[PDB]
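K.L.:
No letters, just coordinates:
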Ligand SMILES: Nc1nc2c(ncn2[C@@H]2O[C@H](COP(=O)(O)OP(=O)(O)OP(=O)(O)O)[C@@H](O)[C@H]2O)c(=O)[nH]1
Ligand SMILES: Nc1nc2c(ncn2[C@@H]2O[C@H](COP(=O)(O)OP(=O)(O)OP(=O)(O)O)[C@@H](O)[C@H]2O)c(=O)[nH]1
Ligand SMILES: Nc1nc2c(ncn2[C@@H]2O[C@H](COP(=O)(O)OP(=O)(O)O)[C@@H](O)[C@H]2O)c(=O)[nH]1
Ligand SMILES: Nc1nc2c(ncn2[C@@H]2O[C@H](COP(=O)(O)OP(=O)(O)O)[C@@H](O)[C@H]2O)c(=O)[nH]1
Ligand SMILES: [Mg+2]
Ligand SMILES: [Mg+2]
C-alpha cells in the first residue's frame, strides 16, 4: 500500500490543508476548561423569587 | 400518554432515521441494547420516554418505528450492527428487488406486495398506543422506492385513519447538484401524492446543509453522516415539548392550526441555530438576541430558497434552554422594526413561540458543542415557489422529447399521468402567486 | 456602557493595531490568552460570561501573510477566529484592484461582521478606522468601507487615523496616484482625520529616544500611546471628561475642514528623563514646539483654528490654565481672528502605562495635543505637484484603466484637491 | 438474493473470464481450491451473488464455459484456478467453427446448444431470485460471435424481464488477425442491438495504448490486457456485493444511462492506473481521480470522446471519501465542458459510492459513459464491409451453409440505420 | 495560495533549473530524497508556493522539463537532486533542433508541444490559486528560443490575466559560441516583446566578468554562473515565500516597474559578493550593500548602466534591518546621482524588506532595474543581423521549413521600433 501514517497526515494537513472525510479543524488551542464538557455560553445570573 | 409513530421508507429516509434514533436513546439515557444502564436502572422513574418508546413489561424499551425498503443492503446492515437488539425483529420489512430509481416500479409492480405487511405492523403499533398524536414520515423524493412506496403508504393511511395528522420530512433535489439523472421525473409524480395526503411538508435539500457544515462547523469534506446529525436535532427540537416540562408547551396538533392558512398551502422550510463548533463556541455570548437574529439569516436556511424574494406568512420558532419569556418578546419586537423582513399584509401577528427547559444534548465524539440555548424555526413563506418552478423547468426540457419514458410505460404507468402531474404543479404555482398579492 | 469599534485594514493598519491591542490588553490587565487573573474594559472588550474577553475589532487584508502571523503568534487566543478576514490575491498597489475587481467580493463579509458587532454593542460612540493611504488595499477597501458605512449607519461618528506619504521619503513609486483618490473618498465620509506620516516620527525618535536605527515597531508604539491617551476619557475617571462626540463639537469649524495633525509630549528616553522634573509648563510647550509635530508640517506657516489638549496624570486644573495664558501671550503662536477662545481641555487621572521592552520611560504627566491649523495645505499642495508631474504624460495609467476605472476620475480628484486648497486659502484670510 | 450468472464463449471470452474469476476470488478471499481464507466478515456477507454452495462447504462459481474445440478449454483447466469450476459445466463440441459465423450460428452451433441451454436453465432455476445475465465474447471470431449471439436470443425468449450484460471486444483495423472480420462483426451487431440490454465495447487497440503509455511497460501480452478488462468488470457489480453510501445495482445503471431503447452501447475505463516507478509520486484524492477518469486517452475504446457529445455518463467510486467532494467535482467538469455535454438533459452524470475499495488500493474508480463518439467505430467497420461485399469476396462460405445474400444486405442496412439514428442527437438542439 | 509553476527548456534552461531547484530545496530544508528535514517552523508554512503533494511524507516540485533531445535530461536525472522531479514531467523528442529556430517552432515544435501544453494544463488545473508562470531559457539557441516562446504564446492565449516571468540569456558578441545567433535571437525577441510580462536579460560575458573580477576565482565553470543566476532568481520571490516588513509579490513589481506596456525588459544583480580571501575583512552594513548594488560592474548584462538613465528601480532586502536606514540610503543615492535618474518620475526607487536571510548570509539584496541603457544590447544584435541578412547568408535553412523573408523583415522592423520608442524617453523631459 505504501500509505502515510498520522505523523505525515498531520504535517500535510498543516501544509496544504487537505482533510479526511468529515474531519474537524483543530486550531490547537490551550484550554483551562474541558472542551468535551462545559456548556460554552454566557448565562445571566438568575436570582430566586424576588417579588416576594 | 402521548405517542407519535415514525415511518422510514427508502435509503434516504432510513439513514436519516438511524441518526435520529441515536440521539433519542442518548437523550433519555437508554443504551443501544435497549436496557438502561445497570447503575441507575430504577433512577429514571418519570416516563418521559413514553412519547417515542414503549415499555416491554420487564426491562428494555422498544422504539415506535418501522423500517421499509425493497433493497436488502441497508436494512440487513442495521441487523448486523450494534443496534440489532433495539428494534423489534419483524418490524424491519425487507424486500428482494430494488425499485432502481423507477417510480412505476415502486408504485405498481413491487410496492403493492409490501404495503400489505406494513399496515399490519402499523395496526399492531397503533393499538398499543392510546393517545396517538400523529405520524412522522421520512423519505427522499428523488428516489424510486422513496417516492413510490411513500405515495402508496400516505394514500393508504389517509383512509385507514382519516383525521390523524401526518408530517412529511422529505428531501427534495438540490438546485444544481444531483445524484441521479431522472429524478426530476419522479419528483413531480411524488409531489402529486403528498399534496392532498400530507398535512405538513418540510423542505430539506442538500446544498444548504453542505454550506452550514463548511461555514459554521468548519468541515471542508462533509459526508452523509454529518448531514443526518443536523437533521436529527431539528426533529428532537420540534418534539421536545411533548416530553419535557416548559413554560409554553406546543403539541403536534398545534402546527396546522397556526401554520396552514389555506389547505393547499402547507409546504414550509426549516431553520436551526446556533450551529457552532467547540473551537469558537466560547468566544461569543450566545445571547437570546443574537441566536434569534441568525435564524432569519438567509445563509442558515435549511433549504436553498431566498426568503428575501417573497413575503412571510407564519413562523413557529421554538426555544429550548434557559430562555426567559421577557427576552424573546424584546427580540421579536426588534425583528418587526427591521425592514428587509416583510410579512404579508393580512397577517398582523405571525409568530408562534415555544419555550422549553431541557437544554439540547450532543452526541459524544460528535461535531457540535453543547450550548445552553438553541432555537428551531419552521417558516411558511411565499418564496418556496422557486423550488417548484425550477423543477418544472427541468422536467419540461426532458419531457419535450419523451426522454426515458419507455422505462415508465413498461412498468404499468399510463402515458397520461405525466401530463396531469404537470398541471397540478402549475395549479400550485397560481395558488402561491395569488395568495401573496396585495389587497 | 459606552463602546467603540475599531477597523484595521491593510498592512499598516494591521501592524499598528497589533501595538494598539497589546497596549490596551496590558493597560486593562488582560493576558494575551484573553483570561483575566483574579468595568473600565467594557469600552474595548466584551465579556463572554465565563473567563476570557473578545476585542471589538475586525482585521482586513487581501494578502494572507500578515494575518497568518496573528493566527500563529502569541495572540492567536485573543481574537475571534472568523473576524480575521483574509483574501487570496493582494491588490498590489493598484487602487482600482482594491475598489473595482476584488474589493467587491470581500466587503460584504466585512459589513456582515461589523453589523454583528454593532448589534451586540448598545452604547456605540463611534468608529475607529486605521489604514495606509499610499497603498492599494488600504486606500481601496477603506474607501469602500467608508462608503458603505456612511449609508448603513448614517450619523455615527467615524475617525480616520490615516498615514499620508512623507515629503521626500517613500517606498512605492505610484503612491502619489492613489493617495488623491483616497483623499476624495474620505473627504466627505470621515468626520475627523489625523495625519501620521512616517518621516516626522523618524525625526522624533532620533531626536528624543536617541536611536539611530528605528523600525516600524518603534513607530507604531507612539501611535498606540496617542490612541490610548485620546480614548482614556471614555474609560477612566477624571476632573474634565471629553467624549468622542465632543470632538465633532469643538474642532471642525466647517464641514469640509476636518483634517488635523497631532503631537505628544513628553517623550524622553529613560537615561535622561529623570534629570528633569518635567513639570506641566514644560510638557505644554514641547507639544507646541514645531519640531515635535507628528506630521512633517510647519505650524508656523499658518494660523490656528482650534486646539484640544488631553492631560493625563496628577495635573492640577489651575496649572493648565496658566499654561494657556503663557501660550496665548507668546507671539509666535497666533490664532485666527474669529476664534477668541481656542482651547478645549480634558484631564484624566490615569497615569501613562509602560510596555516592557519599550523605549519610553514612565512619567507622572503627559499631554496629547490635536491641532486644526491652516498649515495642512502644504502637504496637499506638494502631493498635487507630484501628481501633476506624474500625470503630464499619463504614466502608469493603463494599469488602473485595465481594472475598470474611468479616465476622468484622476481629473475629478485633481479638481477636488484644488477646491479643498482654495477653501483653506479663503478661510485663512482675515475679516 | 439478486444473484447473476456468467457465460463465456470462444477463445477471447474464455481468457477474459479465466482472469475475471481470479480477480473476484482474491477480493472475497477464495483460494483456487474453493476454501475461504479471508479476514473480514464482509467478504462472506454477499457471496451468494457469484458463487454456489456445495456439500462440505466449498464454493463453486456459477459459470458456463462453452466453445466448439477443446484447445482453449483444455488449457484453462490445466492452469491455475482450473479446479474452481464444476467439471460438468464444461460443454464443448469436437469440430470447431472455423471463423465462420454461419457455421457457428446455423449448422454446427445450433446443434450443440441443446445441451448448454439445459445447464444454463438449471443454473438460473435453482437460484433464489435471478437478477440478470452477463456475457463475455468477441465479435471478431466464429464461435464467439456466432454461438454467442444465438445464445442471447434464446435466453431472452425465456427470461423477458431479466437484464443482460455483454463485454464485447470488437476488432479495430490497426490490429487485425483475421481477414473476414468485417463480415462476422457486422452480422453480430445486428442481433446484439435487438436483444442485449447493455453492451460494453472493448478495443485491443486502446488496451495496448493504455498499457504502453499509462503503465509504461514495454512488453504487454494477452495476460495483461485480460487483467485491465477484469478490473472494470468487477467494478460495475462492486456496490452489489458491498455496502455503501449510495447503492446502485445493474438495473439502476440501465435506467439512468439509456434515454432511448436502441442506444445502449457504452465505453468503459478504470482509474487509478500508475506505473511502478511513478506510484510513490502520486497522491490518491478525489480531485485527481476525476481527472484521469475523464481523460480521453484512458477510455478502453478507440473512439475519441471529444469528437462528440456525452448523452450521459456514470461513475462508480470505491473506498472512503466524502460525498461533498464527489458531488462538487462532477458538477465542475460538466460546467467547464458544457460543449461536450448535450444540453437538453440537465446534470447528465450519475455518481455512486461504495465503502470497500479493491485489493491493495485506498481508492478506485470505474467509469461507464454513453457518448455519441461511438459512431466512429461502426462507420470504419462498415467501410471495410462495403468494399469487401461489393465484390462478393469470401462469400461462398456463407452462401454454402444455408444463409443467402439477402441477410447480408439486411444486416448492413440495420447497422447503417443505427449510426444515422445515433448521430441525429449529436446535432439535435432544444 | 498564490503559487507558481516552473517551466525550463533547452540545455541552458535545464542547467539553470537544476541549480535553482537545488538552491530552493536547501533553503526550504528539503533533502535530495524529498523528505522535509527543516529546523524552524517558518520553513514549512509557505512550501505550497513551490512544492506539491506526494504520499510517504515527501514533497515534489511543480516543474516541467522540456527539450527536443534526451541528452541533457538523462544527465540531470542522474545528478544530484535529480530524483525530485516526476518522470511524467520529463518530455523529450528524439531529433533535436540543431540551432534552427524554424525547426524548433514550426516543424518539430508543433508536433511535440501538445504534451507539454497538456502537462502545463494539468498543473494549472491542480494548483489552488495560480499566481503566474516563470521560464528559464536562452534566446541564442534553436529548441529553446523557438519552442519556449511558442509555449509563451500558447500559455498567454490560454491564461490572459496571469503573470509571467522569463529569464533570457541572450547572445553576446564578445563571447559567441554560434555563427547563426542573430537570426533566432531577433526572431525570439519579436515574439517575446508581445507576450512576456516580465523579462530579465542575462549575458554570459557579464557573468564571466563578475566571477573573474569580484569573486576573484581562477577557473569559473558553468556551475558558478548557474549559482549566481539561481540566487538572483530566488531573491525575487524570497519575500513572497517568507514574511517581511513589507511584502511584495510579482504583481506589485510590475505595476511599480513598467510605466508603459512595451517597456518590460530589466537587468538584475545581486549583493553582497566577495572573494574567499577578503570575507573576514569586509563589514556588512546597509550603505555598503547599496553601494555594491548600484556599482556598475555588478550588473548581469554587457550594457553599461552609466550610458543611460534609470526609469524605475526596485531593491528587495533580505534579513533583519531598520526601515529608516534603507529609506535614507535610497534617498541619499537618488540625490547624489540625480543625473542618472530621469526627472519626470519623482522618487523612482522602490524598496522591500524580508526578514528571512539567505542560507549563508546575514544580509543580501536583489536589484532589478528598468534603465534606458538596455538598448545597446538590442543595437548590437541588430547590426549583426542586418549584416548577415543583406547577403541572405544562412537563410536557406530557415526558408526551407515554411519561413520566408516577410517575417524576418517584420521582426527587424519591430526590433528597431522598440529601440526607438525605448530611447525616446531618455531625451524626453518635463
Ligand atoms: N440527506 C441525505 N440524502 C440522501 C441520502 N441518501 C440518499 N439521499 C438522497 O436520495 C436520492 C436518491 O434516493 P436514494 O435515497 O439514494 O434511494 P431511494 O430513495 O431509497 O430510492 P431507490 O434508489 O430506488 O432505492 C439522492 O439524490 C440523494 O439526494 C442521505 O444519506 N442523506
Ligand atoms: N507607520 C507604519 N506604516 C506602515 C507600516 N507598514 C506599512 N506602512 C505604510 O504603508 C505604505 C504602503 O502600503 P502598505 O500598507 O504597506 O500596503 P497595503 O496598504 O496593505 O496595500 P497592499 O500592499 O496592496 O496590500 C507605506 O508607504 C508605509 O508608509 C508600518 O508597520 N508602520
Ligand atoms: N483481450 C484478448 N483478446 C484476444 C485474446 N485472444 C484473441 N483475442 C482477439 O480476438 C480476435 C480473434 O477472436 P477469436 O479468439 O478467434 O474468436 P473465436 O474464434 O470465437 O474464439 C483477435 O483479433 C484477437 O485480437 C485474449 O486472450 N485476450
Ligand atoms: N549560464 C549558462 N549558460 C549556458 C549553459 N550551457 C549553455 N549555455 C549558453 O547557451 C548557449 C547555447 O544555447 P543552446 O543550449 O544550444 O540553446 P538550444 O539549442 O535552444 O538548447 C551558449 O552560448 C552558452 O553560452 C549553462 O550551463 N549556464
Ligand atoms: Mg435504495
Ligand atoms: Mg500590502
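P.N.:
Nice, thanks for sending it over. Numbers count the residues shown, from 1 in each chain, chains lettered A, B, ... in the order given. Ligands and ions are numbered 1, 2, ... in the order given.
K.L.:
any idea what sits nearest the residue of the stretch 51-200 of chain D found nearest ligand 4, other than its immediate chain neighbours?
P.N.:
The stretch 51-200 of chain D approaches ligand 4 most closely through residue D:174 (35.3 Å), counting by CB to the nearest ligand atom. Heads up, the C-betas are built off the backbone N, CA and C, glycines and all. Computed as CB to CB, 6 or more residues apart in numbering or on different chains, the closest residue to residue D:174 that is not its neighbour in sequence is residue D:205, at 5.1 Å.
K.L.:
Sticking with the one you found, tell me its helix or strand.
P.N.:
Secondary-structure assignment from DSSP states H and E places residue D:205 in helix D:204-209.
K.L.:
need the next SSE after that helix, C-terminal direction.
P.N.:
Assigned by DSSP H and E, the successor of helix D:204-209 is helix D:222-236.
K.L.:
right, and the helix or strand after that next one?
P.N.:
Immediately after helix D:222-236, counting by DSSP H and E, sits helix D:238-241.
K.L.:
In contact with the residue nearest in space to the middle of chain D: list those residues for me.
P.N.:
For chain D, the residue nearest the mean C-alpha position is residue D:167 (1.9 Å; CA atoms, centre = their mean). Counting by CB atoms under 8 Å, 6 or more residues apart in numbering or on different chains, residue D:167 touches D:16, D:134-137, D:200, D:202, D:229, D:233.
K.L.:
Need phi/psi at it.
P.N.:
Note on residue D:167: its backbone torsions stand at phi -110, psi 100 [degrees, to the nearest 10].
K.L.:
Residue 25: how many residues sit nearby?
P.N.:
I went with chain A, as the question did not name one. A count of nearby residues for residue A:25, using other CB atoms under 10 Å in any protein chain shown, gives 14.
K.L.:
Let me rephrase: I mean chain D.
P.N.:
19.
K.L.:
and what of residue B:434?
P.N.:
8.
K.L.:
what does chain D put close to chain E?
P.N.:
By CB under 8 Å from any CB of the partner chain, the residues of chain D that approach chain E are D:275, D:277-278, D:280-285, D:287-288, D:291.
K.L.:
Of all pairs in the residues you listed, which one spans the longest distance?
P.N.:
D:277 and D:287 (23.2 Å; CB to CB).
K.L.:
Contacts only, for residue D:210.
P.N.:
With CB under 8 Å, 6+ apart, residue D:210 has these contacts: D:228, D:273, D:297-298, D:300.
K.L.:
Repeat that for residue B:111.
P.N.:
Residue B:111 touches B:70, B:99, B:105, B:145, B:148-149, B:152, counting by CB under 8 Å, 6+ apart.
K.L.:
For it, give its distance to chain C.
P.N.:
48 Å (CB to the nearest CB, to the nearest Å).
K.L.:
Repeat that for residue D:8.
P.N.:
With distances taken as CB to the nearest CB, residue D:8 is found 56 Å from chain C.
K.L.:
Over to residue B:252?
P.N.:
Distance from residue B:252 to chain C, by CB to the nearest CB: 34 Å.
K.L.:
repeat for residue B:82
P.N.:
With CB to the nearest CB as the criterion, residue B:82 and chain C are 36 Å apart.
K.L.:
In this structure that residue contacts residue B:31, no?
P.N.:
No. Residue B:82 is beyond contact range of residue B:31, at 10.1 Å (criterion: CB atoms under 8 Å).
K.L.:
what about these two, which has more around it?
P.N.:
Each of residue B:82 and residue B:31 has its neighbours counted (other CB under 10 Å); residue B:31 has more, 14 against 9.
K.L.:
Around chain B, which positions in chain A sit nearby?
P.N.:
A:17, A:19-27, A:29, A:33, A:35-36, A:38-43, A:46.
K.L.:
Is it possible to mark the buried ones in these?
P.N.:
Buried members of those, counted by 16 or more other CB atoms under 10 Å in any protein chain shown: A:19, A:21-24, A:38-42.
K.L.:
so what's the residue in the stretch 101-250 of chain B that ligand 1 sits nearest to up against?
P.N.:
The nearest approach of the stretch 101-250 of chain B to ligand 1 comes at residue B:143, 2.3 Å away (CB to the nearest ligand atom). Contacts were defined as CB under 8 Å, 6+ apart; by that measure residue B:143 touches B:10-12, B:99, B:101, B:180, B:183, B:186.
K.L.:
What about those, which are in helices?
P.N.:
B:10-12, B:183, B:186 (DSSP state H).
K.L.:
So which of those is the closest to residue B:324?
P.N.:
The closest of these, once distances to residue B:324 are taken by CB to CB, is residue B:12, at 38.8 Å.
K.L.:
one step back: out of the contacts of residue D:167, which end up buried?
P.N.:
Going by neighbour count (16+ other CB under 10 Å), those have D:16, D:134-137, D:200, D:202, D:229, D:233 buried.
K.L.:
Please list which of these are also close to ligand 5.
P.N.:
Residues of the buried ones among the contacts of residue D:167 in contact with ligand 5 (CB under 5 Å from the ion): none.
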